[PDB]
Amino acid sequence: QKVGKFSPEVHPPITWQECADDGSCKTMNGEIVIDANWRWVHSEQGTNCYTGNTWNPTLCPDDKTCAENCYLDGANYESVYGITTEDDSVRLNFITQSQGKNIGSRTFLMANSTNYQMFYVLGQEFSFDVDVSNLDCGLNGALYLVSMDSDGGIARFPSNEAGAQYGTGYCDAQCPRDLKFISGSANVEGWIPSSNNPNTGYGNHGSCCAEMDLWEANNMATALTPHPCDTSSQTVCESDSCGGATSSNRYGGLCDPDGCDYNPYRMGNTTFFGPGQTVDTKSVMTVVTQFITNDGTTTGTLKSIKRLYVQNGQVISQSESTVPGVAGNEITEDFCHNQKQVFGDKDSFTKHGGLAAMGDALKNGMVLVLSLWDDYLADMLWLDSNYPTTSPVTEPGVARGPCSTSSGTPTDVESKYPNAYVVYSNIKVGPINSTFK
């Protein structure tokens, strides 16, 4: 992608902290960039290169031609995308009106104006605070890690002239082909609009990546899900090599589209995560995610992922799995194997390396994503509600939340909750047990 000049790109700044065993935590300055896919893509004096879910056929006949012709540009974070920052806090609004109608956003935490803040959390812990009280079923405020390049693909693909500044170089375990710019080129070739989503379509190329879903939730449900890949860093895909939820064969690819999820509701305890419940979604909460290794050091193999919450001065641990025979409250090899077994989902997790593989991604740098969206693929029924909708409720793994099968249809949630939003704050990174108590 090339760089336009109609608006300057100003990242709204955010603080976060780095802790030590003490409990002492030092303040680190950072800033937030919107994903390139939400940007206006225009010609020298555009004239859109991309409107709705369809490219400009004259401006973008090919990837090479479109790369010559089209430019990324600066984003008005508040007035257009509903994005603001407040000391340690970031807020993302769902529906924001201006010249156009914006639905949600995907953003990344940057260290400086040109580079993503890489995190190294193997044997470490990652903590943050979140307000999901103004979210409802159908919505998903996601906070997660991906194996992106610090620079946004500039070093590997010089034709990319914008880089991490303009939020380029995205990838994940879904190996997504909806990205307009992949690897220094456009992805207009072989574009097919989405069947239900009027904003997205899919080109002949995708962007594979490891993915550690720390947090995907609304006020009714949450999910912690590692997604390993055969190879860890950003790999490009051709069309049907991809796999992923978007494609027609989701498992014919190099990454795991499902992951080893832990959802308390899905694992049996239906009075743990929700409004007025053990972990009370009506109020702000701290979300701790430890990453235990073999030797308890930063160099060992990822043995376990532990979840602790902190609310109102009380440490509250992850609730157990009452599913037989799926034991514990931690994500491990043995838990994941029995999970996939007992639930009857394809064990794509192990096929692509499992937790060992996911540790390897974490061993290298991974970038922090903060996002908020509704789901056009599955109406978010895999997070809240019963999935698949046809199967019996009481069948193990079917019920993931207390929400209707009929809810979460994008048109309804966009019509119902235009003032909905998420709040991410109080981001701390340090040794196990160093970011709370």
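Residue indices: 1-based, along the sequence shown.
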>> Highest mean C-alpha temperature factor of the two stretches 212-220 and 194-202, which is it?
In response: 194-202
> Would 120-128 or 147-155 have the larger average of its C-alpha temperature factors, as given in the entry?
Replying inline: 147-155
> Quick one: which of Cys255, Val288, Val279, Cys237 has the biggest Cα B-factor according to the entry?
Replying inline: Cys237
>> Highest recorded C-alpha temperature factor, please, choosing from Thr107, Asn140, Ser241, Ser283.
In response: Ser241
> Which third of the chain holds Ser348 when residues are ordered by C-alpha B factor: lowest, middle or highest?
Replying inline: middle
> Where does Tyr387 sit by CA temperature factor within its chain: lowest, middle or highest third?
Replying inline: middle
> Based on the entry's values, in what third of the chain does the Cα temperature factor of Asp136 lie: lowest, middle or highest?
Replying inline: middle
>> Going by the CA temperature factor in the PDB record, which third of the chain does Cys60 belong to: lowest, middle or highest?
In response: highest
> Which third, lowest, middle or highest, does the CA B-factor of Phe94 fall in along this chain?
Replying inline: middle
